[PDB]
$ cat model-v9.pdb   # PDB, N, CA and C atoms
ATOM      1  N   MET S  16       0.409   7.430   9.726
ATOM      2  CA  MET S  16       0.618   6.112   9.080
ATOM      3  C   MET S  16      -0.674   5.300   9.061
ATOM      4  N   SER S  17      -1.649   5.696   9.877
ATOM      5  CA  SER S  17      -2.906   4.964  10.002
ATOM      6  C   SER S  17      -3.598   4.813   8.646
ATOM      7  N   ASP S  18      -3.671   5.902   7.891
ATOM      8  CA  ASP S  18      -4.321   5.880   6.582
ATOM      9  C   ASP S  18      -3.501   5.076   5.587
ATOM     10  N   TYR S  19      -2.188   5.248   5.659
ATOM     11  CA  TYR S  19      -1.263   4.573   4.756
ATOM     12  C   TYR S  19      -1.384   3.055   4.870
ATOM     13  N   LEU S  20      -1.556   2.560   6.096
ATOM     14  CA  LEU S  20      -1.530   1.122   6.366
ATOM     15  C   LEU S  20      -2.428   0.351   5.416
ATOM     16  N   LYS S  21      -3.636   0.843   5.218
ATOM     17  CA  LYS S  21      -4.593   0.136   4.391
ATOM     18  C   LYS S  21      -4.374   0.388   2.909
ATOM     19  N   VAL S  22      -3.648   1.441   2.568
ATOM     20  CA  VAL S  22      -3.480   1.826   1.170
ATOM     21  C   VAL S  22      -2.984   0.660   0.306
ATOM     22  N   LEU S  23      -1.823   0.107   0.622
ATOM     23  CA  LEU S  23      -1.307  -1.017  -0.149
ATOM     24  C   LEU S  23      -2.066  -2.327   0.118
ATOM     25  N   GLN S  24      -2.393  -2.619   1.376
ATOM     26  CA  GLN S  24      -2.982  -3.919   1.708
ATOM     27  C   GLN S  24      -4.443  -4.041   1.278
ATOM     28  N   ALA S  25      -5.153  -2.925   1.199
ATOM     29  CA  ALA S  25      -6.588  -2.967   0.952
ATOM     30  C   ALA S  25      -6.904  -3.664  -0.357
ATOM     31  N   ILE S  26      -6.085  -3.418  -1.369
ATOM     32  CA  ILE S  26      -6.341  -3.934  -2.707
ATOM     33  C   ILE S  26      -6.282  -5.467  -2.764
ATOM     34  N   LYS S  27      -5.430  -6.084  -1.950
ATOM     35  CA  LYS S  27      -5.280  -7.531  -1.981
ATOM     36  C   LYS S  27      -6.517  -8.205  -1.395
ATOM     37  N   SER S  28      -7.177  -7.512  -0.479
ATOM     38  CA  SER S  28      -8.385  -8.022   0.139
ATOM     39  C   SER S  28      -9.608  -7.533  -0.640
ATOM     40  N   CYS S  29      -9.576  -6.261  -1.014
ATOM     41  CA  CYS S  29     -10.627  -5.637  -1.802
ATOM     42  C   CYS S  29      -9.993  -4.842  -2.945
ATOM     43  N   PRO S  30     -10.078  -5.368  -4.179
ATOM     44  CA  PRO S  30      -9.401  -4.796  -5.356
ATOM     45  C   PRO S  30      -9.651  -3.300  -5.564
ATOM     46  N   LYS S  31      -8.692  -2.653  -6.241
ATOM     47  CA  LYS S  31      -8.788  -1.250  -6.668
ATOM     48  C   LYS S  31      -8.454  -0.257  -5.542
ATOM     49  N   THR S  32      -8.564  -0.691  -4.295
ATOM     50  CA  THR S  32      -8.415   0.215  -3.158
ATOM     51  C   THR S  32      -6.979   0.661  -2.925
ATOM     52  N   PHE S  33      -6.714   1.896  -3.335
ATOM     53  CA  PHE S  33      -5.578   2.679  -2.861
ATOM     54  C   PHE S  33      -4.225   2.209  -3.382
ATOM     55  N   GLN S  34      -4.192   1.179  -4.195
ATOM     56  CA  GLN S  34      -2.919   0.713  -4.705
ATOM     57  C   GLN S  34      -2.856   0.786  -6.231
ATOM     58  N   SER S  35      -3.945   0.393  -6.880
ATOM     59  CA  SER S  35      -4.026   0.337  -8.341
ATOM     60  C   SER S  35      -3.452   1.588  -9.023
ATOM     61  N   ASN S  36      -4.094   2.729  -8.816
ATOM     62  CA  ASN S  36      -3.659   3.978  -9.441
ATOM     63  C   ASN S  36      -3.345   5.013  -8.372
ATOM     64  N   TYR S  37      -3.781   4.713  -7.158
ATOM     65  CA  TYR S  37      -3.680   5.629  -6.031
ATOM     66  C   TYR S  37      -2.223   5.846  -5.624
ATOM     67  N   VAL S  38      -1.398   4.818  -5.825
ATOM     68  CA  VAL S  38       0.025   4.881  -5.487
ATOM     69  C   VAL S  38       0.725   6.046  -6.178
ATOM     70  N   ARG S  39       0.415   6.262  -7.449
ATOM     71  CA  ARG S  39       1.077   7.312  -8.212
ATOM     72  C   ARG S  39       0.828   8.690  -7.605
ATOM     73  N   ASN S  40      -0.374   8.906  -7.089
ATOM     74  CA  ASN S  40      -0.726  10.196  -6.505
ATOM     75  C   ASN S  40      -0.295  10.269  -5.042
ATOM     76  N   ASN S  41      -0.481   9.175  -4.321
ATOM     77  CA  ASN S  41      -0.167   9.137  -2.898
ATOM     78  C   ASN S  41       1.030   8.240  -2.636
ATOM     79  N   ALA S  42       2.100   8.475  -3.384
ATOM     80  CA  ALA S  42       3.310   7.675  -3.271
ATOM     81  C   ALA S  42       3.960   7.856  -1.905
ATOM     82  N   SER S  43       3.765   9.026  -1.303
ATOM     83  CA  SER S  43       4.321   9.310   0.013
ATOM     84  C   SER S  43       3.750   8.358   1.063
ATOM     85  N   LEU S  44       2.492   7.962   0.886
ATOM     86  CA  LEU S  44       1.875   6.990   1.781
ATOM     87  C   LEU S  44       2.555   5.642   1.614
ATOM     88  N   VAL S  45       2.751   5.252   0.368
ATOM     89  CA  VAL S  45       3.368   3.975   0.047
ATOM     90  C   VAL S  45       4.838   3.962   0.474
ATOM     91  N   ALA S  46       5.477   5.123   0.409
ATOM     92  CA  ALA S  46       6.880   5.257   0.786
ATOM     93  C   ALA S  46       7.085   4.979   2.273
ATOM     94  N   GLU S  47       6.054   5.241   3.069
ATOM     95  CA  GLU S  47       6.083   4.953   4.503
ATOM     96  C   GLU S  47       6.331   3.469   4.742
ATOM     97  N   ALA S  48       5.849   2.660   3.808
ATOM     98  CA  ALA S  48       5.944   1.208   3.892
ATOM     99  C   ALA S  48       7.378   0.722   3.984
ATOM    100  N   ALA S  49       8.306   1.503   3.450
ATOM    101  CA  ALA S  49       9.710   1.146   3.517
ATOM    102  C   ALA S  49      10.165   1.061   4.971
ATOM    103  N   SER S  50       9.522   1.850   5.823
ATOM    104  CA  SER S  50       9.802   1.843   7.250
ATOM    105  C   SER S  50       9.199   0.598   7.911
ATOM    106  N   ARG S  51       8.013   0.182   7.450
ATOM    107  CA  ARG S  51       7.377  -1.030   7.969
ATOM    108  C   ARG S  51       8.160  -2.267   7.547
ATOM    109  N   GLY S  52       8.766  -2.208   6.365
ATOM    110  CA  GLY S  52       9.700  -3.242   5.971
ATOM    111  C   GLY S  52       9.264  -4.072   4.771
ATOM    112  N   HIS S  53       8.105  -3.783   4.182
ATOM    113  CA  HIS S  53       7.632  -4.597   3.063
ATOM    114  C   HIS S  53       6.948  -3.773   1.976
ATOM    115  N   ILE S  54       7.412  -3.973   0.739
ATOM    116  CA  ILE S  54       6.834  -3.347  -0.455
ATOM    117  C   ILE S  54       7.289  -4.084  -1.710
ATOM    118  N   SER S  55       6.645  -3.788  -2.828
ATOM    119  CA  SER S  55       7.016  -4.360  -4.111
ATOM    120  C   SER S  55       6.682  -3.365  -5.224
ATOM    121  N   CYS S  56       7.593  -3.186  -6.166
ATOM    122  CA  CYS S  56       7.405  -2.200  -7.226
ATOM    123  C   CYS S  56       7.185  -2.877  -8.575
ATOM    124  N   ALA S  57       6.130  -2.463  -9.272
ATOM    125  CA  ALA S  57       5.815  -3.020 -10.581
ATOM    126  C   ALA S  57       6.584  -2.297 -11.683
ATOM    127  N   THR S  58       6.432  -0.976 -11.773
ATOM    128  CA  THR S  58       7.210  -0.194 -12.736
ATOM    129  C   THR S  58       7.459   1.234 -12.247
ATOM    130  N   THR S  59       6.502   1.752 -11.485
ATOM    131  CA  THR S  59       6.569   3.091 -10.888
ATOM    132  C   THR S  59       6.825   4.199 -11.929
ATOM    133  N   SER S  60       6.578   3.911 -13.199
ATOM    134  CA  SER S  60       6.743   4.913 -14.238
ATOM    135  C   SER S  60       5.461   5.717 -14.396
ATOM    136  N   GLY S  61       4.421   5.062 -14.873
ATOM    137  CA  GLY S  61       3.132   5.707 -14.997
ATOM    138  C   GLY S  61       2.279   5.492 -13.769
ATOM    139  N   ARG S  62       0.991   5.287 -13.973
ATOM    140  CA  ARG S  62       0.076   5.050 -12.869
ATOM    141  C   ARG S  62      -0.714   3.760 -13.074
ATOM    142  N   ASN S  63      -0.544   3.139 -14.235
ATOM    143  CA  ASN S  63      -1.262   1.913 -14.556
ATOM    144  C   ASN S  63      -0.423   0.693 -14.187
ATOM    145  N   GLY S  64       0.656   0.484 -14.926
ATOM    146  CA  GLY S  64       1.557  -0.609 -14.630
ATOM    147  C   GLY S  64       2.689  -0.164 -13.740
ATOM    148  N   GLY S  65       2.967   1.126 -13.758
ATOM    149  CA  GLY S  65       3.995   1.664 -12.903
ATOM    150  C   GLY S  65       3.459   2.063 -11.549
ATOM    151  N   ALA S  66       2.996   1.076 -10.812
ATOM    152  CA  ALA S  66       2.518   1.280  -9.458
ATOM    153  C   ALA S  66       3.247   0.334  -8.518
ATOM    154  N   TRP S  67       3.027   0.499  -7.229
ATOM    155  CA  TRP S  67       3.583  -0.412  -6.245
ATOM    156  C   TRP S  67       2.528  -1.429  -5.858
ATOM    157  N   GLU S  68       2.962  -2.533  -5.284
ATOM    158  CA  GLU S  68       2.051  -3.554  -4.812
ATOM    159  C   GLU S  68       2.543  -4.100  -3.483
ATOM    160  N   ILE S  69       1.624  -4.614  -2.696
ATOM    161  CA  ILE S  69       1.952  -5.160  -1.397
ATOM    162  C   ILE S  69       2.315  -6.635  -1.502
ATOM    163  N   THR S  70       3.204  -7.074  -0.628
ATOM    164  CA  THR S  70       3.523  -8.477  -0.514
ATOM    165  C   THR S  70       2.537  -9.143   0.443
ATOM    166  N   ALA S  71       2.376 -10.455   0.352
ATOM    167  CA  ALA S  71       1.413 -11.171   1.193
ATOM    168  C   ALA S  71       1.615 -10.851   2.674
ATOM    169  N   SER S  72       2.874 -10.729   3.060
ATOM    170  CA  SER S  72       3.255 -10.482   4.440
ATOM    171  C   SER S  72       2.752  -9.135   4.961
ATOM    172  N   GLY S  73       2.734  -8.118   4.099
ATOM    173  CA  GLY S  73       2.479  -6.763   4.553
ATOM    174  C   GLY S  73       1.131  -6.620   5.224
ATOM    175  N   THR S  74       0.156  -7.349   4.707
ATOM    176  CA  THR S  74      -1.221  -7.252   5.161
ATOM    177  C   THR S  74      -1.371  -7.582   6.648
ATOM    178  N   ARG S  75      -0.554  -8.504   7.146
ATOM    179  CA  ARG S  75      -0.743  -9.017   8.499
ATOM    180  C   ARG S  75      -0.286  -8.021   9.564
ATOM    181  N   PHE S  76       0.985  -7.632   9.512
ATOM    182  CA  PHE S  76       1.554  -6.761  10.538
ATOM    183  C   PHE S  76       1.115  -5.310  10.402
ATOM    184  N   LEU S  77       1.198  -4.786   9.195
ATOM    185  CA  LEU S  77       1.010  -3.364   8.973
ATOM    186  C   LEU S  77      -0.440  -2.928   9.208
ATOM    187  N   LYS S  78      -1.399  -3.723   8.747
ATOM    188  CA  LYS S  78      -2.807  -3.348   8.858
ATOM    189  C   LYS S  78      -3.268  -3.365  10.315
ATOM    190  N   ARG S  79      -2.653  -4.227  11.113
ATOM    191  CA  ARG S  79      -3.047  -4.393  12.508
ATOM    192  C   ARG S  79      -2.538  -3.228  13.356
ATOM    193  N   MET S  80      -1.609  -2.453  12.797
ATOM    194  CA  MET S  80      -1.022  -1.308  13.498
ATOM    195  C   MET S  80      -2.003  -0.140  13.584
ATOM    196  N   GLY S  81      -3.255  -0.385  13.233
ATOM    197  CA  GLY S  81      -4.242   0.673  13.253
ATOM    198  C   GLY S  81      -4.612   1.134  11.861
ATOM    199  N   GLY S  82      -4.781   0.179  10.952
ATOM    200  CA  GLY S  82      -5.113   0.504   9.580
ATOM    201  C   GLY S  82      -6.442   1.215   9.456
ATOM    202  N   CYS S  83      -6.374   2.512   9.147
ATOM    203  CA  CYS S  83      -7.549   3.379   9.022
ATOM    204  C   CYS S  83      -8.231   3.610  10.371
ATOM    205  N   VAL S  84      -8.674   2.528  11.007
ATOM    206  CA  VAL S  84      -9.394   2.591  12.274
ATOM    207  C   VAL S  84     -10.737   3.293  12.094
TER     208      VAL S  84
END
$ encode --input "model-v9.pdb" --output "structure tokens"
Amino acid sequence: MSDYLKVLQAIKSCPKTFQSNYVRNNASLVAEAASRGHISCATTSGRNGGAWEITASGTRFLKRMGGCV
């Protein structure tokens, strides 16, 4: 989960990182977030608009759990 933690949250702090198009390929990482308790879905159809996004809350708890390290 260490790698996953930063995947969604990284983009809100530093754009493009792991959420923009990365979600479509590494959806399993983003799916872990359901266990952490916070996620948001844009369309999940393609990889451009159909991606997931993090909520403001997710960045605080999830990243501190050892995000990337």
$ atom_distance --input "model-v9.pdb" --atom1 "atom N of residue S:31" --atom2 "atom CA of residue S:50"
23.3 Å
$ closest_residue --input "model-v9.pdb" --among "S:20, S:83, S:59, S:78" --to "residue S:47" --atoms "only C-alpha atoms"
S:20
$ resolve_selection --input "model-v9.pdb" --expression "the PyMOL selection byres ((chain S and resi 53) around 8)" --output "list in words"
residues 47, 48, 49, 50, 51, 52, 54, 55, 68, 69, 70, 72 and 73 of chain S
$ select_by_dssp --input "model-v9.pdb" --residues "chain S" --states "alpha helix (DSSP H)" --output "ChimeraX atom specification"
/S:17-28,37-40,42-46,48-51,73-79
$ write_last_selection --input "model-v9.pdb" --atoms "N, CA and C atoms" --output "short mmCIF file (atom, residue, chain, number, x, y, z; two decimals), in the frame of the given file"
data_model
loop_
_atom_site.label_atom_id
_atom_site.label_comp_id
_atom_site.auth_asym_id
_atom_site.auth_seq_id
_atom_site.Cartn_x
_atom_site.Cartn_y
_atom_site.Cartn_z
N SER S 17 -1.65 5.70 9.88
CA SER S 17 -2.91 4.96 10.00
C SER S 17 -3.60 4.81 8.65
N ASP S 18 -3.67 5.90 7.89
CA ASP S 18 -4.32 5.88 6.58
C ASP S 18 -3.50 5.08 5.59
N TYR S 19 -2.19 5.25 5.66
CA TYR S 19 -1.26 4.57 4.76
C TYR S 19 -1.38 3.06 4.87
N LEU S 20 -1.56 2.56 6.10
CA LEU S 20 -1.53 1.12 6.37
C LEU S 20 -2.43 0.35 5.42
N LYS S 21 -3.64 0.84 5.22
CA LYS S 21 -4.59 0.14 4.39
C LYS S 21 -4.37 0.39 2.91
N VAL S 22 -3.65 1.44 2.57
CA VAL S 22 -3.48 1.83 1.17
C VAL S 22 -2.98 0.66 0.31
N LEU S 23 -1.82 0.11 0.62
CA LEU S 23 -1.31 -1.02 -0.15
C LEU S 23 -2.07 -2.33 0.12
N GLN S 24 -2.39 -2.62 1.38
CA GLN S 24 -2.98 -3.92 1.71
C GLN S 24 -4.44 -4.04 1.28
N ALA S 25 -5.15 -2.92 1.20
CA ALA S 25 -6.59 -2.97 0.95
C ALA S 25 -6.90 -3.66 -0.36
N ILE S 26 -6.08 -3.42 -1.37
CA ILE S 26 -6.34 -3.93 -2.71
C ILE S 26 -6.28 -5.47 -2.76
N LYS S 27 -5.43 -6.08 -1.95
CA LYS S 27 -5.28 -7.53 -1.98
C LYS S 27 -6.52 -8.20 -1.40
N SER S 28 -7.18 -7.51 -0.48
CA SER S 28 -8.38 -8.02 0.14
C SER S 28 -9.61 -7.53 -0.64
N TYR S 37 -3.78 4.71 -7.16
CA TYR S 37 -3.68 5.63 -6.03
C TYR S 37 -2.22 5.85 -5.62
N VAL S 38 -1.40 4.82 -5.82
CA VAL S 38 0.02 4.88 -5.49
C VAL S 38 0.72 6.05 -6.18
N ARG S 39 0.42 6.26 -7.45
CA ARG S 39 1.08 7.31 -8.21
C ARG S 39 0.83 8.69 -7.60
N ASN S 40 -0.37 8.91 -7.09
CA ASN S 40 -0.73 10.20 -6.50
C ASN S 40 -0.30 10.27 -5.04
N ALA S 42 2.10 8.48 -3.38
CA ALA S 42 3.31 7.68 -3.27
C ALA S 42 3.96 7.86 -1.90
N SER S 43 3.76 9.03 -1.30
CA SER S 43 4.32 9.31 0.01
C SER S 43 3.75 8.36 1.06
N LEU S 44 2.49 7.96 0.89
CA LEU S 44 1.88 6.99 1.78
C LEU S 44 2.56 5.64 1.61
N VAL S 45 2.75 5.25 0.37
CA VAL S 45 3.37 3.98 0.05
C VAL S 45 4.84 3.96 0.47
N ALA S 46 5.48 5.12 0.41
CA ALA S 46 6.88 5.26 0.79
C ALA S 46 7.08 4.98 2.27
N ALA S 48 5.85 2.66 3.81
CA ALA S 48 5.94 1.21 3.89
C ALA S 48 7.38 0.72 3.98
N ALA S 49 8.31 1.50 3.45
CA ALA S 49 9.71 1.15 3.52
C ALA S 49 10.16 1.06 4.97
N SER S 50 9.52 1.85 5.82
CA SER S 50 9.80 1.84 7.25
C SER S 50 9.20 0.60 7.91
N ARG S 51 8.01 0.18 7.45
CA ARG S 51 7.38 -1.03 7.97
C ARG S 51 8.16 -2.27 7.55
N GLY S 73 2.73 -8.12 4.10
CA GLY S 73 2.48 -6.76 4.55
C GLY S 73 1.13 -6.62 5.22
N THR S 74 0.16 -7.35 4.71
CA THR S 74 -1.22 -7.25 5.16
C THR S 74 -1.37 -7.58 6.65
N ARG S 75 -0.55 -8.50 7.15
CA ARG S 75 -0.74 -9.02 8.50
C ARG S 75 -0.29 -8.02 9.56
N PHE S 76 0.98 -7.63 9.51
CA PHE S 76 1.55 -6.76 10.54
C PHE S 76 1.12 -5.31 10.40
N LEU S 77 1.20 -4.79 9.20
CA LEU S 77 1.01 -3.36 8.97
C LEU S 77 -0.44 -2.93 9.21
N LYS S 78 -1.40 -3.72 8.75
CA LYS S 78 -2.81 -3.35 8.86
C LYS S 78 -3.27 -3.36 10.32
N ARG S 79 -2.65 -4.23 11.11
CA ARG S 79 -3.05 -4.39 12.51
C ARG S 79 -2.54 -3.23 13.36
#
$ resolve_selection --input "model-v9.pdb" --expression "the PyMOL selection byres ((chain S and resi 81) around 8)" --output "PyMOL selection string"
chain S and resi 16-21+76-80+82-84
$ closest_residue --input "model-v9.pdb" --among "S:60, S:45, S:71, S:40" --to "residue S:22" --atoms "all atoms listed in the file"
S:45
$ atom_distance --input "model-v9.pdb" --atom1 "atom CA of residue S:75" --atom2 "atom CA of residue S:29"
14.7 Å
$ atom_distance --input "model-v9.pdb" --atom1 "atom N of residue S:30" --atom2 "atom C of residue S:57"
18.5 Å
$ select_by_dssp --input "model-v9.pdb" --residues "chain S" --states "strand (DSSP E or B)" --output "ChimeraX atom specification"
/S:55-56,67-68
$ resolve_selection --input "model-v9.pdb" --expression "the PyMOL selection byres ((chain S and resi 35) around 7)" --output "list in words"
residues 26, 30, 31, 32, 33, 34, 36, 37, 38, 39, 62, 63, 66 and 67 of chain S
$ build_atoms --input "model-v9.pdb" --residues "stretch 20-45 of chain S" --atoms "N, CA, C and O atoms" --output "tab-separated table (two decimals), in the frame of the given file"
chain	number	residue	atom	x	y	z
S	20	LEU	N	-1.56	2.56	6.10
S	20	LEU	CA	-1.53	1.12	6.37
S	20	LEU	C	-2.43	0.35	5.42
S	20	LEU	O	-2.03	-0.67	4.86
S	21	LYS	N	-3.64	0.84	5.22
S	21	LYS	CA	-4.59	0.14	4.39
S	21	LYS	C	-4.37	0.39	2.91
S	21	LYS	O	-4.84	-0.38	2.09
S	22	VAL	N	-3.65	1.44	2.57
S	22	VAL	CA	-3.48	1.83	1.17
S	22	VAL	C	-2.98	0.66	0.31
S	22	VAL	O	-3.66	0.26	-0.63
S	23	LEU	N	-1.82	0.11	0.62
S	23	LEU	CA	-1.31	-1.02	-0.15
S	23	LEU	C	-2.07	-2.33	0.12
S	23	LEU	O	-2.35	-3.07	-0.81
S	24	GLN	N	-2.39	-2.62	1.38
S	24	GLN	CA	-2.98	-3.92	1.71
S	24	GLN	C	-4.44	-4.04	1.28
S	24	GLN	O	-4.92	-5.15	1.04
S	25	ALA	N	-5.15	-2.92	1.20
S	25	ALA	CA	-6.59	-2.97	0.95
S	25	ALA	C	-6.90	-3.66	-0.36
S	25	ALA	O	-7.85	-4.43	-0.43
S	26	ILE	N	-6.08	-3.42	-1.37
S	26	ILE	CA	-6.34	-3.93	-2.71
S	26	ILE	C	-6.28	-5.47	-2.76
S	26	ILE	O	-7.02	-6.09	-3.54
S	27	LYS	N	-5.43	-6.08	-1.95
S	27	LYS	CA	-5.28	-7.53	-1.98
S	27	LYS	C	-6.52	-8.20	-1.40
S	27	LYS	O	-6.88	-9.32	-1.78
S	28	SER	N	-7.18	-7.51	-0.48
S	28	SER	CA	-8.38	-8.02	0.14
S	28	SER	C	-9.61	-7.53	-0.64
S	28	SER	O	-10.54	-8.29	-0.91
S	29	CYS	N	-9.58	-6.26	-1.01
S	29	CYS	CA	-10.63	-5.64	-1.80
S	29	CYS	C	-9.99	-4.84	-2.94
S	29	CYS	O	-9.42	-3.77	-2.72
S	30	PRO	N	-10.08	-5.37	-4.18
S	30	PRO	CA	-9.40	-4.80	-5.36
S	30	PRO	C	-9.65	-3.30	-5.56
S	30	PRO	O	-10.66	-2.76	-5.11
S	31	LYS	N	-8.69	-2.65	-6.24
S	31	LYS	CA	-8.79	-1.25	-6.67
S	31	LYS	C	-8.45	-0.26	-5.54
S	31	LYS	O	-8.07	0.88	-5.81
S	32	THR	N	-8.56	-0.69	-4.30
S	32	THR	CA	-8.41	0.22	-3.16
S	32	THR	C	-6.98	0.66	-2.92
S	32	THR	O	-6.15	-0.10	-2.44
S	33	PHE	N	-6.71	1.90	-3.34
S	33	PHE	CA	-5.58	2.68	-2.86
S	33	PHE	C	-4.22	2.21	-3.38
S	33	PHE	O	-3.20	2.81	-3.05
S	34	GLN	N	-4.19	1.18	-4.20
S	34	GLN	CA	-2.92	0.71	-4.70
S	34	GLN	C	-2.86	0.79	-6.23
S	34	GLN	O	-1.84	1.20	-6.79
S	35	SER	N	-3.94	0.39	-6.88
S	35	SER	CA	-4.03	0.34	-8.34
S	35	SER	C	-3.45	1.59	-9.02
S	35	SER	O	-2.45	1.51	-9.73
S	36	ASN	N	-4.09	2.73	-8.82
S	36	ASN	CA	-3.66	3.98	-9.44
S	36	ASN	C	-3.34	5.01	-8.37
S	36	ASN	O	-2.72	6.04	-8.64
S	37	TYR	N	-3.78	4.71	-7.16
S	37	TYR	CA	-3.68	5.63	-6.03
S	37	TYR	C	-2.22	5.85	-5.62
S	37	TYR	O	-1.86	6.92	-5.15
S	38	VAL	N	-1.40	4.82	-5.82
S	38	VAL	CA	0.02	4.88	-5.49
S	38	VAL	C	0.72	6.05	-6.18
S	38	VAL	O	1.53	6.74	-5.57
S	39	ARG	N	0.42	6.26	-7.45
S	39	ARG	CA	1.08	7.31	-8.21
S	39	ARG	C	0.83	8.69	-7.60
S	39	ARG	O	1.71	9.54	-7.61
S	40	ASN	N	-0.37	8.91	-7.09
S	40	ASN	CA	-0.73	10.20	-6.50
S	40	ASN	C	-0.30	10.27	-5.04
S	40	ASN	O	0.21	11.29	-4.58
S	41	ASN	N	-0.48	9.18	-4.32
S	41	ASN	CA	-0.17	9.14	-2.90
S	41	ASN	C	1.03	8.24	-2.64
S	41	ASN	O	0.99	7.36	-1.77
S	42	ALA	N	2.10	8.48	-3.38
S	42	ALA	CA	3.31	7.68	-3.27
S	42	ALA	C	3.96	7.86	-1.90
S	42	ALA	O	4.62	6.95	-1.40
S	43	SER	N	3.76	9.03	-1.30
S	43	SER	CA	4.32	9.31	0.01
S	43	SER	C	3.75	8.36	1.06
S	43	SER	O	4.44	7.99	2.01
S	44	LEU	N	2.49	7.96	0.89
S	44	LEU	CA	1.88	6.99	1.78
S	44	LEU	C	2.56	5.64	1.61
S	44	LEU	O	2.92	4.99	2.59
S	45	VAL	N	2.75	5.25	0.37
S	45	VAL	CA	3.37	3.98	0.05
S	45	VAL	C	4.84	3.96	0.47
S	45	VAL	O	5.37	2.93	0.86
